[PDB]
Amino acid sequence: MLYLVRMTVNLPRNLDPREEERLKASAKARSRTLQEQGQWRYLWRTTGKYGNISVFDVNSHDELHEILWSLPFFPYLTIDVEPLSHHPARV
């Protein structure tokens, strides 16, 4: 099942760059796994912005929430989720 997921990062001003580095690394490592296993199908950078537009391929809403909830950046994220369906004119 496909979902279009928009992520926008808003870091607290007082976030120690030490903590940001660790956060970035954890996020990168987490996303790698999810991509390799195919749950995180597409990942694009939103131009000019600290965030991304993604497509997730998972079996249930429950699975999606658990994944998104586990994302290292979750505390600082604004997230938009919407279902995608197969398009008849799709080739």
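One-based numbering along the sequence shown.
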Once you work out the mean C-alpha B-factor for both 10-18 and 67-75 from the entry, which is higher?
10-18
Give the position of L2 by CA B-factor within its chain, expressed as the lowest, middle or highest third.
middle
Split the chain's modelled residues into thirds by Cα B-factor; is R32 in the lowest, middle or highest one?
highest
Of the three thirds of Cα B-factor ranks in this chain, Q39 occupies the highest
Chain thirds by Cα B factor, record data; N52 belongs to the lowest
